[PDB]
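Student:
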Amino acid sequence: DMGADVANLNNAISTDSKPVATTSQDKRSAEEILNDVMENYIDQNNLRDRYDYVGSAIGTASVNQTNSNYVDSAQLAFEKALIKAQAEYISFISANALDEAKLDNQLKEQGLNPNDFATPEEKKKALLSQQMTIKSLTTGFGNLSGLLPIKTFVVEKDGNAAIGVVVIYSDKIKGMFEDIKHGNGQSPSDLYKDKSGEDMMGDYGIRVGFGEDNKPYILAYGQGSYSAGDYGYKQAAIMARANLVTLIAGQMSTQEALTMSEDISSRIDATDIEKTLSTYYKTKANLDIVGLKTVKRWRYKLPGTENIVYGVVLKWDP
Numbered sequence: 020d021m022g023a024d025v026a027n028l029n030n031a032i033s034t035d036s037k038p039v040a041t042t043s044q045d046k047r048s049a050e051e052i053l054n055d056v057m058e059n060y061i062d063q064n065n066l067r068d069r070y071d072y073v074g075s076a077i078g079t080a081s082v083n084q085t086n087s088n089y090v091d092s093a094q095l096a097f098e099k100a101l102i103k104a105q106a107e108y109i110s111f112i113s114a115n156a157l158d159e160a161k162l163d164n165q166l167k168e169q170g171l172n173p174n175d176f177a178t179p180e181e182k183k184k185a186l187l188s189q190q191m192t193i194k195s196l197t198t199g200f201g202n203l204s205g206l207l208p209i210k211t212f213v214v215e216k217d218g219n220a221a222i223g224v225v226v227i228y229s230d231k232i233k234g235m236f237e238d239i240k241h242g243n252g253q254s255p256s257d258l259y260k261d262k263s264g265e266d267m268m269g270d271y272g273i274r275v276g277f278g279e280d281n282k283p284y285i286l287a288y289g290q291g292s293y302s303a304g305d306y307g308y309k310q311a312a313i314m315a316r317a318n319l320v321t322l323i324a325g326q327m328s329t330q331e332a333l334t335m336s337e338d339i340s341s354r355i356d357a358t359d360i361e362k363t364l365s366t367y368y369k370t371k372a373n374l375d376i377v378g379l380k381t382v383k384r385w386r387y388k389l390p391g392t393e394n395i396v397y398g399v400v401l402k403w404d405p
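According to mature numbering (1 follows the signal peptide of the UniProt record, and there is no 0), the stretch in the sequence shown is residues 20 to 115, 156 to 243, 252 to 293, 302 to 341, 354 to 405, in order.
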């Protein structure tokens with residue numbers, strides 16, 4: 020049963036996501052503000068008692084002088100945060156003819172040099188070690204489809220836009236997508260009740276929810292900037316769509332997971360996993376997403392400035 024999380028995932032969608040406020044007297048850096056608000060969110064919601072894994076990560080990007088590229092910079096910041104969170108989860112998972160000539164062949168197959176070892180026992184262990192490392196990574200990449208964002212936060216400081224993302228891992232979510240691949252509550256427009264523009268500013272990425280009919284759906288957030304509304308909503312859908320493309324790419328085949336694990340091996356450093364993963368997302372091919380309905384549109388004029396941010400919430404049914 021999905022029981023428990025139906026209210027966890029749906030309530031997470033419904034919480035306000037205002038830009039994190041920060042007084043002039045607050046001496047914290049963007050990273051400290053985000054860590055504090057994410058740690059508090061994780062604790063006050065008892066997320067570690069609810070999920071087997073809970074993680075958090077931050078990404079930052081510069082904005083221009085007039086802050087006119089805020090939306091683009093913020094989205095980039097989210098992308099880095101997400102990828103960092105994914106890489107840390109994988110890293111965490113990774114931590115927790157004579158006989159002799161056939162061994163040598165197996166070492167060479169894995170890129171190792173048999174001469175670098177002096178005993179057959181030394182060759183045998185270097186080999187089993189390579190295999191456990193590949194096994195670990197394959198399990199980690201395969202589980203990404205269960206690593207889901209549940210809350211994002213945004214902070215602007217010192218000429219940057221910084222995004223924090225809290226992710227949770229769920230076997231059921233992993234299993235739902237695999238079953239969705241072939242096998243087999253409240254409305255989305257109803258979860259965005261009187262959620263104003265300001266309340267949506269901190270929402271980045273995708274979310275999984277469940278409607279009236281007990282059916283899962285995926286929401287994707289997006290923002291744009293410049302009547303010019305016509306244009307802002309259009310560009311906001313570009314970002315929301317890219318969020319879905321990245322989601323789908325992350326649900327890779329077992330063979331794609333193996334190739335990446337082999338390609339990396341030539354605990355494991357998350358920084359190494361992160362570039363390899365970033366590479367994979369940039370190179371993976373497109374796949375026109377079908378049936379995307381807009382379930383929310385909003386507009387928020389930035390305080391003190393003349394700039395306006397537009398946003399959309401798209402719903403995709405897989």
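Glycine residues also receive a C-beta, built at the ideal position from the N, C-alpha and C atoms.
Take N202 as the anchor and find which of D71, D261, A80 and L389 has the nearest alpha-carbon.
Tutor: The sequence position of residue 202 within the sequence shown is 143, counting from 1. Per the Cα distances, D71.
Student: Where does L374 sit, in a helix, a strand or coil, going by DSSP?
Tutor: Within the sequence shown, residue 374 is the residue found at index 287, counting from 1. DSSP places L374 in coil when its eight states are reduced to three.
Student: Residues in its own chain within less than 7 Å of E159 by CB, not counting five upstream and five downstream?
Tutor: Start at 1 with the first residue of the sequence shown, and residue 159 comes out as number 100. Within the same chain, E159 has close Cβ partners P179.
Student: Helix, strand or coil for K388? Go by DSSP, reduced to three states.
Tutor: Indexing the sequence shown from 1 puts residue 388 at position 301. In this structure, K388 counts as strand in the three-state DSSP scheme.
Student: What is the C-beta distance between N64 and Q253, in whole angstroms, given that I count them as a contact (C-beta under 8 Å)?
Tutor: Residue mapping note: residue 64 aligns to position 45 of the sequence shown, counting from 1. Residue mapping note: residue 253 aligns to position 186 of the sequence shown, counting from 1. Actually they do not touch by this definition, with Cβ atoms about 19 Å apart.
Student: Between which two residues does the alpha helix (DSSP H) harbouring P405 extend?
Tutor: Here residue 405 is taken as the residue at index 318 of the sequence shown, counted from 1. Element bounds for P405: n/a, residue is neither H nor E.
Student: Do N172 and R69 have their CB atoms nearer than 8 Å?
Tutor: As a first step, residue 172 is located in the sequence shown; it is residue number 113 there, counting from the start. As a first step, residue 69 is located in the sequence shown; it is residue number 50 there, counting from the start. Going by C-beta atoms, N172 is not nearer than 8 Å to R69.
Student: What residues in its chain sit with their C-beta under 8 Å from that of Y284, if we drop five residues either side in the sequence?
Tutor: Along the sequence shown, one-based indexing puts residue 284 at 217. Cβ neighbours of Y284 beyond the five flanking positions: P255, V275, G276, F277, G278, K402, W403 and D404.
Student: Give the DSSP-derived three-state secondary structure of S110 in the structure shown.
Tutor: Locating residue 110 in the sequence shown gives position 91, counting from the first residue. In the structure shown, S110 sits in a helix (DSSP, three-state: H, G or I).
Student: Less than 8 Å separating the beta-carbons of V213 and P38?
Tutor: Within the sequence shown, the letter at position 154 stands for residue 213. Within the sequence shown, the letter at position 19 stands for residue 38. In this structure, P38 lies closer than 8 Å to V213 by Cβ.
Student: From which residue to which residue does the beta strand (DSSP E) around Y288 run?
Tutor: Numbered from 1 along the sequence shown, position 221 holds the residue referred to as residue 288. Note, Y288: beta strand (DSSP E), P283 to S292.
Student: Sorted by chain position, which residues of the same chain lie with C-beta nearer than 6 Å to residue 132's C-beta, five sequence neighbours on each side aside?
Tutor: Because the chain is numbered 115 and then 156 with no intervening positions, residue 132 cannot be located in this model.
Student: Considering just the uninterrupted stretch of the alpha helix (DSSP H) at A49, what are its terminal residues?
Tutor: Against the sequence shown, residue 49 aligns to sequence position 30. Run containing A49: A49 to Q63, per the alpha helix (DSSP H) assignment.
Student: Please go through the same chain and pick out, in chain order, the residues whose beta-carbon is closer than 7 Å to the beta-carbon of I112, but skip the five residues on each side of it.
Tutor: As a working mapping, residue 112 is identified with position 93 in the sequence shown. For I112, where only same-chain residues beyond five positions count, the Cβ hits under 7 Å are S195, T198, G199 and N202.
Student: So, is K388 buried or exposed, given that buried needs 16 or more other C-beta atoms within 10 angstroms?
Tutor: For the purposes of this step, residue 388 is taken as the residue at position 301 of the sequence shown. Exposed, since its Cβ has fewer than 16 Cβ neighbours within 10 Å.
Student: Once DSSP output is grouped into helix, strand and coil, what is the label at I209?
Tutor: Start at 1 with the first residue of the sequence shown, and residue 209 comes out as number 150. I209: strand per DSSP, three-state reduction.
Student: Between which two residues does the alpha helix (DSSP H) holding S302 run?
Tutor: Mapped onto the sequence shown, residue 302 falls at position 227. Unbroken run through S302: none, as it is neither H nor E.
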